[PDB]
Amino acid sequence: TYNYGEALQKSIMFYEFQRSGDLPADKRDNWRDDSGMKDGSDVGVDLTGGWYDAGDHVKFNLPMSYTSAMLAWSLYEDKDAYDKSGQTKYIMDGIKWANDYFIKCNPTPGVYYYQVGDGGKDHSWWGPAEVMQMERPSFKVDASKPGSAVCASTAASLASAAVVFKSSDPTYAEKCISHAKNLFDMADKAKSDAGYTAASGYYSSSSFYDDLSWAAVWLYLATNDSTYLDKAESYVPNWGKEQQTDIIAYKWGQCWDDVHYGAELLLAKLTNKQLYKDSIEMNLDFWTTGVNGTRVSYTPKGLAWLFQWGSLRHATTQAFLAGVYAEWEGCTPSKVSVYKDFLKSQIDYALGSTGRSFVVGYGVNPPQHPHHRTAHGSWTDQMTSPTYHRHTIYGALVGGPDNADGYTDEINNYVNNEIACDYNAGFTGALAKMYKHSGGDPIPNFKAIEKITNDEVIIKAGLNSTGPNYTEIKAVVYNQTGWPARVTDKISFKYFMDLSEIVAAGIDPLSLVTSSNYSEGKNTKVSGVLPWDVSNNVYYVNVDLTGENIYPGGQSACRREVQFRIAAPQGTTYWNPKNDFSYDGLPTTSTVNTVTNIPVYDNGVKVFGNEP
């Protein structure tokens, strides 16, 4: 027995944590903030927004548009489930988030930016989205350098968004259609992926006629112009055949690189032509009862297993298509129960039928180490530290087990433990169907405002050098921010002393010499002695780090060391560090430890430690 409503709620929420750009004031978390704010600056176009692809920060438009098209398809099929669960606003905000970005990516007729970020450079750094420091180049396709698959996948997303938004926001629906029409025209004129090269190694395209059909079907549903339905059907002979036959491929499943499964399902419902009915049932039969002596492999515990990478992604996506098709009056009657049983068995495997959940922050023993940079929240550019994720990325469906149900919840296992937009796409639609059928209430007013689990900015210190007339401190400030991760360019700290002995010597405490033999950072400034509470002879040295680009993204990047000394005159012996507030407990060597008596300030406001 599983709570499908809560699963649906979290699956939709997952996308909110993948958001790039200027985040809404109404966001329900305290650990994601503005990021990729300069996206498109290299080309002079505002390309901010959209979703980060997986556990990384590249914006790959092919799987991104596949995702939003699939979410819109679910809303088109099961609006009643979203309304009943109270999740309609959230899934529509997600669909609009992706589509607003695709619109920005088509700034002028005939031009389409299909990517922001370099796979290699982006993947070479392990840290939060908010503090990325590397270049994020924009890439585009046009008539001279075509991208049929990505243009058509984007048109499908835009057109499907138009279908589900038309009732409540007819103007946005028209806006989506205008851009879908342009991108489809680009894809249809070109019939080539030759200029779609920036995603090589990550989302290279192996087919585009499937995307042309899928986009044409959605443009037909969005505009009711039969010109599109005729085009949709015209590409069918060009879809890849099953190896060793002259039959439309049926041994794989709906995914970001192959959408002919969804296109044929939709063409079956729209035309009732036997060709489409036979094709989709051949695929669904292969995945369930088996067909013509062949069948997708099943793990011992009941998972329809298609491939090593994202096994759950494949199974839950096929579950969604099986659910949609089983509801159609044209489905072979005897297969309705078979397909519906399949939808339930596969979704249940993801939610907990093996004894544990494969959905982050949901169910029994959910994964705790998904391969995801921002949810982990390292501040040292290390997958290994901290040894636990600082944030809970609710709703994320992990890759999944191997062919024998084997699974290792480790952060470095990106084959079976990464999470991604496309992984949750079909999954979300299958969950909506299970919810409408078996229920399970979503958590009321669900938010992801987390407790701060570690001091965000800390200071470590130790006695570096000492003498009869001086004290020399080694201090290191650390940015361990996570709610949200952020640059701390206004940090300072204060070192307090009791100078009663200086006053007793007839010496002005303000005349003591302060100095610094070493400091990381160009802006580090150590002040002279300043009064704090002279009635109790308390003075201090202010160490200002304002201007320093301290950020949680590397061992050096997150810290600033400062060695400073305060000294009475040469030959004197009255200097007494033992009555100094900041000296108490201070480590006796240059081995530094966290101290609570050399307070840290952020723009003058105390955030760590204590004052006298």
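Counting begins at 1, following the sequence as shown.
Compared with the other entries of this protein, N517 is frequently left unbuilt, missing from a third or more of those that build its neighbours. When the two stretches 148-156 and 398-406 are set side by side, the higher mean Cα temperature factor goes to 398-406. Between 125-133 and 503-511, the higher mean Cα B-factor belongs to 503-511. The top Cα temperature factor in the record, among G40, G585, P63, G554, falls on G585. In the deposited coordinates, the residue among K140, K191, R373, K451 with the greatest CA B-factor is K451. Annotation for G302: CA B-factor lies in the highest third of the chain's modelled residues. Per-chain ranking of the deposited C-alpha B factor places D80 in the highest third. Compared with the other modelled residues of the chain, the Cα B-factor recorded for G262 ranks in the lowest third. In this PDB entry, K273 carries a Cα temperature factor that places it within the highest third of its chain's modelled residues. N579: CA B factor lies in the middle third for its chain, per the PDB record.
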